[PDB]
$ cat run03.pdb   # PDB, C-alpha atoms
ATOM      1  CA  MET A   1      24.415  66.616 -21.050  1.00  0.00           C
ATOM      2  CA  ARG A   2      20.666  65.916 -20.392  1.00  0.00           C
ATOM      3  CA  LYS A   3      18.534  69.046 -19.562  1.00  0.00           C
ATOM      4  CA  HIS A   4      15.383  67.170 -18.314  1.00  0.00           C
ATOM      5  CA  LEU A   5      14.819  66.358 -14.589  1.00  0.00           C
ATOM      6  CA  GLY A   6      12.070  66.365 -11.832  1.00  0.00           C
ATOM      7  CA  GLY A   7      11.327  69.923 -10.730  1.00  0.00           C
ATOM      8  CA  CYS A   8       9.921  73.115 -12.344  1.00  0.00           C
ATOM      9  CA  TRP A   9      10.646  71.224 -15.632  1.00  0.00           C
ATOM     10  CA  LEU A  10       7.359  69.309 -15.061  1.00  0.00           C
ATOM     11  CA  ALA A  11       5.453  72.646 -15.547  1.00  0.00           C
ATOM     12  CA  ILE A  12       6.234  72.333 -19.345  1.00  0.00           C
ATOM     13  CA  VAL A  13       4.984  68.678 -19.394  1.00  0.00           C
ATOM     14  CA  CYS A  14       1.853  69.171 -17.209  1.00  0.00           C
ATOM     15  CA  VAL A  15       0.144  71.799 -19.371  1.00  0.00           C
ATOM     16  CA  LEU A  16       0.825  69.791 -22.551  1.00  0.00           C
ATOM     17  CA  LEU A  17      -0.448  66.599 -20.838  1.00  0.00           C
ATOM     18  CA  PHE A  18      -3.851  68.176 -19.971  1.00  0.00           C
ATOM     19  CA  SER A  19      -4.121  70.362 -23.137  1.00  0.00           C
ATOM     20  CA  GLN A  20      -3.953  67.248 -25.383  1.00  0.00           C
ATOM     21  CA  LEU A  21      -6.375  65.329 -23.071  1.00  0.00           C
ATOM     22  CA  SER A  22      -8.863  68.264 -23.398  1.00  0.00           C
ATOM     23  CA  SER A  23      -8.675  69.183 -27.125  1.00  0.00           C
ATOM     24  CA  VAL A  24     -10.819  66.223 -28.365  1.00  0.00           C
ATOM     25  CA  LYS A  25     -14.042  67.320 -26.593  1.00  0.00           C
ATOM     26  CA  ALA A  26     -13.040  70.951 -25.961  1.00  0.00           C
ATOM     27  CA  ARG A  27     -10.422  73.658 -26.880  1.00  0.00           C
ATOM     28  CA  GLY A  28      -7.533  72.131 -24.816  1.00  0.00           C
ATOM     29  CA  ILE A  29      -4.397  72.639 -27.002  1.00  0.00           C
ATOM     30  CA  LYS A  30      -3.933  76.411 -27.533  1.00  0.00           C
TER      31      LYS A  30
END

$ encode --input "run03.pdb" --output "structure tokens"
Amino acid sequence: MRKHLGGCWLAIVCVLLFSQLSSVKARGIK
């Protein structure tokens, strides 16, 4: 039964979604 939601779960998505955005011009992804 699905483990994804709208909550503290977004804290896993958020950091990925800026890391990837950053890593082209900068370090970003870590």

$ atom_distance --input "run03.pdb" --atom1 "CA of residue 16 (chain A)" --atom2 "CA of residue 3 (chain A)"
18.0 Å

$ atom_distance --input "run03.pdb" --atom1 "CA of residue 24 (chain A)" --atom2 "CA of residue 9 (chain A)"
25.5 Å

$ axis_aligned_box --input "run03.pdb" --around "region 19-26 of chain A" --padding-each-side "8 Å" --output "AutoDock Vina command-line options"
--center_x -9.0 --center_y 68.1 --center_z -25.7 --size_x 26.1 --size_y 21.6 --size_z 21.3

$ atom_distance --input "run03.pdb" --atom1 "CA of residue 17 (chain A)" --atom2 "CA of residue 29 (chain A)"
9.5 Å

$ residues_around --input "run03.pdb" --residues "residue 30 (chain A)" --least-positions-apart "6" --cutoff "12 Å" --atoms "all atoms listed in the file" --output "list in words"
residues 15, 16, 18, 19, 20, 22 and 23 of chain A

$ build_atoms --input "run03.pdb" --residues "chain A" --atoms "N, CA and C atoms" --output "PDB file, keeping the file's coordinate frame"
ATOM      1  N   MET A   1      24.822  67.298 -22.294  1.00  0.00           N
ATOM      2  CA  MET A   1      24.415  66.616 -21.050  1.00  0.00           C
ATOM      3  C   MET A   1      22.948  66.916 -20.750  1.00  0.00           C
ATOM      4  N   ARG A   2      22.144  65.876 -20.490  1.00  0.00           N
ATOM      5  CA  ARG A   2      20.666  65.916 -20.392  1.00  0.00           C
ATOM      6  C   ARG A   2      20.096  67.074 -19.558  1.00  0.00           C
ATOM      7  N   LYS A   3      19.204  67.869 -20.159  1.00  0.00           N
ATOM      8  CA  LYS A   3      18.534  69.046 -19.562  1.00  0.00           C
ATOM      9  C   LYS A   3      17.202  68.776 -18.846  1.00  0.00           C
ATOM     10  N   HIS A   4      16.649  67.573 -18.962  1.00  0.00           N
ATOM     11  CA  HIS A   4      15.383  67.170 -18.314  1.00  0.00           C
ATOM     12  C   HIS A   4      15.616  66.529 -16.938  1.00  0.00           C
ATOM     13  N   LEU A   5      14.654  66.681 -16.018  1.00  0.00           N
ATOM     14  CA  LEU A   5      14.819  66.358 -14.589  1.00  0.00           C
ATOM     15  C   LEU A   5      13.473  66.033 -13.885  1.00  0.00           C
ATOM     16  N   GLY A   6      13.281  66.485 -12.641  1.00  0.00           N
ATOM     17  CA  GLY A   6      12.070  66.365 -11.832  1.00  0.00           C
ATOM     18  C   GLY A   6      12.045  67.580 -10.911  1.00  0.00           C
ATOM     19  N   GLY A   7      11.192  68.552 -11.223  1.00  0.00           N
ATOM     20  CA  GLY A   7      11.327  69.923 -10.730  1.00  0.00           C
ATOM     21  C   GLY A   7      10.313  70.862 -11.393  1.00  0.00           C
ATOM     22  N   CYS A   8      10.634  72.156 -11.488  1.00  0.00           N
ATOM     23  CA  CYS A   8       9.921  73.115 -12.344  1.00  0.00           C
ATOM     24  C   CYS A   8       9.826  72.708 -13.824  1.00  0.00           C
ATOM     25  N   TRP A   9      10.702  71.819 -14.302  1.00  0.00           N
ATOM     26  CA  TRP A   9      10.646  71.224 -15.632  1.00  0.00           C
ATOM     27  C   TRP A   9       9.293  70.560 -15.942  1.00  0.00           C
ATOM     28  N   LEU A  10       8.669  69.951 -14.929  1.00  0.00           N
ATOM     29  CA  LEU A  10       7.359  69.309 -15.061  1.00  0.00           C
ATOM     30  C   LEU A  10       6.248  70.308 -15.422  1.00  0.00           C
ATOM     31  N   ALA A  11       6.415  71.610 -15.161  1.00  0.00           N
ATOM     32  CA  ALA A  11       5.453  72.646 -15.547  1.00  0.00           C
ATOM     33  C   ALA A  11       5.295  72.796 -17.079  1.00  0.00           C
ATOM     34  N   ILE A  12       6.299  72.390 -17.870  1.00  0.00           N
ATOM     35  CA  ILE A  12       6.234  72.333 -19.345  1.00  0.00           C
ATOM     36  C   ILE A  12       5.461  71.091 -19.821  1.00  0.00           C
ATOM     37  N   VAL A  13       5.649  69.964 -19.126  1.00  0.00           N
ATOM     38  CA  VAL A  13       4.984  68.678 -19.394  1.00  0.00           C
ATOM     39  C   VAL A  13       3.511  68.679 -18.992  1.00  0.00           C
ATOM     40  N   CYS A  14       3.200  69.149 -17.783  1.00  0.00           N
ATOM     41  CA  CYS A  14       1.853  69.171 -17.209  1.00  0.00           C
ATOM     42  C   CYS A  14       0.809  69.826 -18.108  1.00  0.00           C
ATOM     43  N   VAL A  15       1.083  71.049 -18.541  1.00  0.00           N
ATOM     44  CA  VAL A  15       0.144  71.799 -19.371  1.00  0.00           C
ATOM     45  C   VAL A  15      -0.084  71.183 -20.741  1.00  0.00           C
ATOM     46  N   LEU A  16       0.949  70.585 -21.333  1.00  0.00           N
ATOM     47  CA  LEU A  16       0.825  69.791 -22.551  1.00  0.00           C
ATOM     48  C   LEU A  16      -0.057  68.566 -22.264  1.00  0.00           C
ATOM     49  N   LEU A  17       0.192  67.880 -21.145  1.00  0.00           N
ATOM     50  CA  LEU A  17      -0.448  66.599 -20.838  1.00  0.00           C
ATOM     51  C   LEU A  17      -1.943  66.728 -20.511  1.00  0.00           C
ATOM     52  N   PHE A  18      -2.411  67.895 -20.045  1.00  0.00           N
ATOM     53  CA  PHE A  18      -3.851  68.176 -19.971  1.00  0.00           C
ATOM     54  C   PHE A  18      -4.456  68.847 -21.211  1.00  0.00           C
ATOM     55  N   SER A  19      -3.690  69.705 -21.893  1.00  0.00           N
ATOM     56  CA  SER A  19      -4.121  70.362 -23.137  1.00  0.00           C
ATOM     57  C   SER A  19      -4.551  69.347 -24.201  1.00  0.00           C
ATOM     58  N   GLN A  20      -3.744  68.304 -24.378  1.00  0.00           N
ATOM     59  CA  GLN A  20      -3.953  67.248 -25.383  1.00  0.00           C
ATOM     60  C   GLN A  20      -5.173  66.384 -25.024  1.00  0.00           C
ATOM     61  N   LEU A  21      -5.244  65.979 -23.753  1.00  0.00           N
ATOM     62  CA  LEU A  21      -6.375  65.329 -23.071  1.00  0.00           C
ATOM     63  C   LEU A  21      -7.713  66.069 -23.253  1.00  0.00           C
ATOM     64  N   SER A  22      -7.680  67.400 -23.310  1.00  0.00           N
ATOM     65  CA  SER A  22      -8.863  68.264 -23.398  1.00  0.00           C
ATOM     66  C   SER A  22      -9.340  68.464 -24.843  1.00  0.00           C
ATOM     67  N   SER A  23      -8.405  68.608 -25.793  1.00  0.00           N
ATOM     68  CA  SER A  23      -8.675  69.183 -27.125  1.00  0.00           C
ATOM     69  C   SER A  23      -9.620  68.360 -28.018  1.00  0.00           C
ATOM     70  N   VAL A  24      -9.901  67.107 -27.655  1.00  0.00           N
ATOM     71  CA  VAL A  24     -10.819  66.223 -28.365  1.00  0.00           C
ATOM     72  C   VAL A  24     -12.287  66.592 -28.212  1.00  0.00           C
ATOM     73  N   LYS A  25     -12.679  66.963 -26.998  1.00  0.00           N
ATOM     74  CA  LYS A  25     -14.042  67.320 -26.593  1.00  0.00           C
ATOM     75  C   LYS A  25     -14.247  68.828 -26.427  1.00  0.00           C
ATOM     76  N   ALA A  26     -13.142  69.561 -26.421  1.00  0.00           N
ATOM     77  CA  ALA A  26     -13.040  70.951 -25.961  1.00  0.00           C
ATOM     78  C   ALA A  26     -11.879  71.676 -26.667  1.00  0.00           C
ATOM     79  N   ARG A  27     -11.518  72.898 -26.247  1.00  0.00           N
ATOM     80  CA  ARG A  27     -10.422  73.658 -26.880  1.00  0.00           C
ATOM     81  C   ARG A  27      -9.049  73.051 -26.550  1.00  0.00           C
ATOM     82  N   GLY A  28      -8.711  72.895 -25.266  1.00  0.00           N
ATOM     83  CA  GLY A  28      -7.533  72.131 -24.816  1.00  0.00           C
ATOM     84  C   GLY A  28      -6.205  72.760 -25.265  1.00  0.00           C
ATOM     85  N   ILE A  29      -5.513  72.097 -26.200  1.00  0.00           N
ATOM     86  CA  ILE A  29      -4.397  72.639 -27.002  1.00  0.00           C
ATOM     87  C   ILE A  29      -4.708  74.065 -27.478  1.00  0.00           C
ATOM     88  N   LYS A  30      -3.725  74.965 -27.391  1.00  0.00           N
ATOM     89  CA  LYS A  30      -3.933  76.411 -27.533  1.00  0.00           C
ATOM     90  C   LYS A  30      -2.928  77.042 -28.482  1.00  0.00           C
TER      91      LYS A  30
END
